[PDB]
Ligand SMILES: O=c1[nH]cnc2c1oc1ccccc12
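The chain that follows stands alone, in the form solved without ligand JG8, written as structure tokens.
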């Protein structure tokens, strides 16, 4: 992987592995999300962020701040097959005091065609109190050095899917998968649950018949609270709709505290 000629974006190629694919021998959306995180991590390191596991700027370390994900949105047109090479381009943008955004474009390395796109919103958090905050002037200034200064969006469109408000699923859910717990392979190098695990947990309550007859086209996930290493999660799903659409809710098994909400759009194979 490497920064592009202008130093304002990063590209990396990946060969899809045998264990990375599902029943149709193409990459799962979790494999795609892991690749997005990997190229994101390589881009941050290339532009001078810390290499200790928390990816921070100089001003962030001084103020004890970290980035946390608020939303992840992925749209796939074609899932790469086992053995195919996928090329992913990523870049970041400042969003004033709100937070920052990371965007991605996936391409087939052979044809050069766009096979997917993704966008993510990140918000500042004090690492000690876990309280959200605004992005300060010094952090906005740091982002000018490695982000394009004119807008560059993976999802440019007027009222596009990546910016839609997601409602809260009301009981009873049409489908559910209960007692979901993370194991050590679900944790990152800082012992926090990997953001991709939540995608897998959301998907657990989709009936197997939908997965067998449909391909996932779009997934939008809001991150509200973190699932701790000793927490237990319930994944809930209700149909809201050729195309099938679902509303999702992840909550703690005991008290029902919300951890994530999302929506998925599936198209018949």
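Residue numbers count along the first chain shown, from 1.
Below, we turn to the form deposited with ligand JG8 bound, even though it does not appear here.
Visitor: Flag this candidate site as yes only if 173, 238 and 251 all have a heavy atom within 4.5 Å of ligand JG8 in the entry with it bound; otherwise mark no.
Guide: Not one of the three qualifies.
Visitor: Residue 68 near ligand JG8 in the entry with it bound, any heavy atom under 4.5 Å?
Guide: Answer yes; at least one heavy atom of residue 68 falls within 4.5 Å of ligand JG8 in the entry with it bound.
Visitor: Whether residue 243 contacts ligand JG8 in the entry with it bound should be assessed with a 4.5 Å heavy atom distance threshold; does it?
Guide: Contact check for residue 243: no, nothing within 4.5 Å of ligand JG8 in the entry with it bound.
Visitor: Does the 4.5 Å heavy atom contact test between residue 125 and ligand JG8 in the entry with it bound come out positive?
Guide: Result yes; residue 125 sits at the interface with ligand JG8 in the entry with it bound.
Visitor: Is residue 192 close to ligand JG8 in the entry with it bound, meaning a heavy atom pair under 4.5 Å apart or at it?
Guide: Yes, residue 192 is a contact residue.
Visitor: Can you list, in sequence order, the residues from 213-227 that come within 4.5 Å of ligand JG8 in the entry with it bound, counting heavy atoms only?
Guide: Only 226 sits within 4.5 Å of the partner.
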